[PDB]
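K.L.:
Pasting an experimental structure, sequence included:
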Protein chains: 2
Amino acid sequence: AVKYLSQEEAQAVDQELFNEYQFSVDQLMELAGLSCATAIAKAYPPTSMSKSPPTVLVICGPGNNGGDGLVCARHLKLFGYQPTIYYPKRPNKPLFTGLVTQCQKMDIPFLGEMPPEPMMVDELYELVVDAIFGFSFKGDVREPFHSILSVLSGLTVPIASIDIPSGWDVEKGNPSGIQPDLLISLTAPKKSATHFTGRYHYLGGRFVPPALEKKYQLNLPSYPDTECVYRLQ
Amino acid sequence: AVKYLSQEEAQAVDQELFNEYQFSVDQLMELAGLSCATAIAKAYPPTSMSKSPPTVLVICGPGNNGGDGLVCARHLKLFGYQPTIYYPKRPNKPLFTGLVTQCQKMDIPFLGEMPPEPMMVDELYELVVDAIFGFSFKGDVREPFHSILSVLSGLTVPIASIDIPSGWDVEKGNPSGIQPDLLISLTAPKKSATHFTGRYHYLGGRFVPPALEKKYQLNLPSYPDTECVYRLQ
Ligand SMILES: Cn1c(=O)c2[nH]cnc2n(C)c1=O
Ligand SMILES: Cn1c(=O)c2[nH]cnc2n(C)c1=O
């Protein structure tokens, strides 16, 4: 069966990838974000949703998970969804300034603020994508993210979390945290994923060189044909 | 029906993408190379090939098409193929030095030279990927590419060309050029694709913002579900 990583194991795999294999940051981020988008479309495809086009709020954090979120949003657009992004804290680097402009001229909107009540979120959006915190998260959940997460736990619409349900401890989880319905584990799942009890768990990030998989004994399952995601069960 | 571009139209679409939309070079190159790999796997999937794992020679040029080739090779590896790269002329930039190392630690080999007879190519490789020249090609086909193309036209195994059959005039074609069996048109097809008479023509590069498609009246067909390629016929 497939292996679930420690924060330490995953920080290590990630640094091989950029330092040894010399994969570039935005290369992998593109592929990670595509997988997210691809998991969401397979779990909640347009035909099955009530709105044509189905609506989605993508909430992006201040670090790389936020980045994956921006990329996901843009592929969601192309896959037939009507996404909206809340990106309250934006790092000033070209990486992120470029992902912002791309989404803008796709006509994907950026909310100036978070709807403060879960019911309004539920009414506006058929799905919320949690791209706030990922693998390297150590916090200390500070504002404005505490109250975002507090709105999220009152939602009736599904939450799709990228890599790690934000607010959960990367290894241990959080019983009183948000309880997503879809989780996209990128590269390899993290021990906190054994606490996941939603209906959909996909593996994404089809870019792990087989010698890395053999080295860290990841026992990655075989993605089918040309797919960039695989449903874990 | 879908539109076929002039060199001038495509140089323009490409420069919007990087200058206006601020898509990054390696972002799109990743997605282009993934589509190539995905077209090849759907046209010539492992189960249908005689070797397990099916073998492939990817021939990379000195410019961006070569880049797409390197990316294709690496996804081909993950998709279940045993690729080999001939990259005789290598630009010294991180972009390309990184794509080279990635392939190396995937255990994808780089030929020191081209097999000089088509029969040897046919015996070693079940498929040849032509990533030599693409859209911005103006040449003046110089060495060592003249003799590569001259080996290629004597092949019995299929050739898969990325974007433009190398040696063909980007608009007009070339009746006495190489005659690929698969063509992957990236972003949008080029007028030379109306001269293509092989069995497989896929469109790839699922990243065109709809307002660009509407502006340059590309009439892009609808890629199905989450696929990054579409078969044209
Ligand atoms: C292990 N690992 C991850 O868990 C992850 N999540 C997002 N990018 C990631 N990368 C690049 C990674 O190597
Ligand atoms: C139009 N066009 C192309 O035809 C192409 N081929 C490879 N990259 C490409 N890009 C980025 C592009 O914009």
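P.N.:
Yep, it's here. Residues are numbered from 1 along each chain as shown, chains lettered A, B, ... in the order given. Ligands and ions are numbered 1, 2, ... in the order given.
K.L.:
nearest residue to residue A:45 other than its sequence neighbours?
P.N.:
Excluding its sequence neighbours, the residue lying closest to residue A:45 (CB to CB, 6 or more residues apart in numbering or on different chains) is residue B:225, at 7.2 Å. In short, each C-beta sits where N, CA and C put it, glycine included.
K.L.:
wait, doesn't that neighbour sit right on residue A:41?
P.N.:
Yes - the pair formed by residue B:225 and residue A:41 meets the contact definition of CB atoms under 8 Å, at 6.6 Å.
K.L.:
Those two: which is more packed in?
P.N.:
The neighbour count for residue B:225 versus residue A:41, taken as other CB atoms under 10 Å in any protein chain shown, is higher for residue A:41 (19 against 13).
K.L.:
isn't residue A:103 right next to residue A:85, touching?
P.N.:
Yes - the pair residue A:103 / residue A:85 is scored as a contact, 6.3 Å apart, by CB under 8 Å.
K.L.:
what's next to stretch A:79-87, contact-wise?
P.N.:
A:37-38, A:40-41, A:46, A:51, A:53-60, A:66, A:69-70, A:73, A:76-77, A:100, A:103, A:108-111, A:113-114, A:124-125, A:129, A:148, B:225-226 (CB atoms under 8 Å, 6 or more residues apart in numbering or on different chains).
K.L.:
which residues of chain A fall in helices?
P.N.:
A:7-15, A:25-43, A:64-79, A:94-105, A:118-124, A:145-152, A:210-215 (DSSP state H).
K.L.:
Residue B:92 is nearest to which of those helices?
P.N.:
Residue B:92 lies closest to helix A:25-43 among the helices of chain A, at 19.0 Å (CB to CB).
K.L.:
contacting residues for the nearest residue to residue A:27 once chain neighbours are set aside?
P.N.:
Once flanking residues are discounted, residue A:27 sits nearest to residue B:30: 5.1 Å by CB to CB, 6+ apart. Contact analysis of residue B:30 by CB under 8 Å, 6+ apart lists A:27, A:30, A:31, B:71.
K.L.:
Return the member of those residues nearest to ligand 2.
P.N.:
When the contacts of residue B:30 are ranked by distance to ligand 2 (CB to the nearest ligand atom), residue B:71 comes first, at 11.0 Å.
K.L.:
Now for the closest residue to the closest one other than its chain neighbours: which residues touch it?
P.N.:
The shortest distance from residue B:71 to any residue other than its chain neighbours is 2.5 Å, reached at residue B:33 (CB to CB, 6+ apart). Shown in contact with residue B:33 (CB under 8 Å, 6+ apart): B:67, B:68, B:69, B:70, B:71, B:72, B:74, B:75.
K.L.:
Return the member of these nearest to ligand 2.
P.N.:
Of all the contacts of residue B:33, residue B:68 has the smallest distance to ligand 2: 6.3 Å, by CB to the nearest ligand atom.
K.L.:
Verify the contact between that closest one and residue B:162 for me.
P.N.:
Yes - here residue B:68 reaches residue B:162: they are 5.3 Å apart, a contact under CB under 8 Å.
K.L.:
So between these two, which is more surrounded?
P.N.:
Per other CB under 10 Å, whichever of residue B:68 and residue B:162 has more neighbours is residue B:162, with 36 against 33.
K.L.:
Settle this for me: that one is touching residue B:36, isn't it.
P.N.:
Yes - the pair residue B:162 and residue B:36 qualifies as a contact (CB under 8 Å) at a distance of 5.3 Å.
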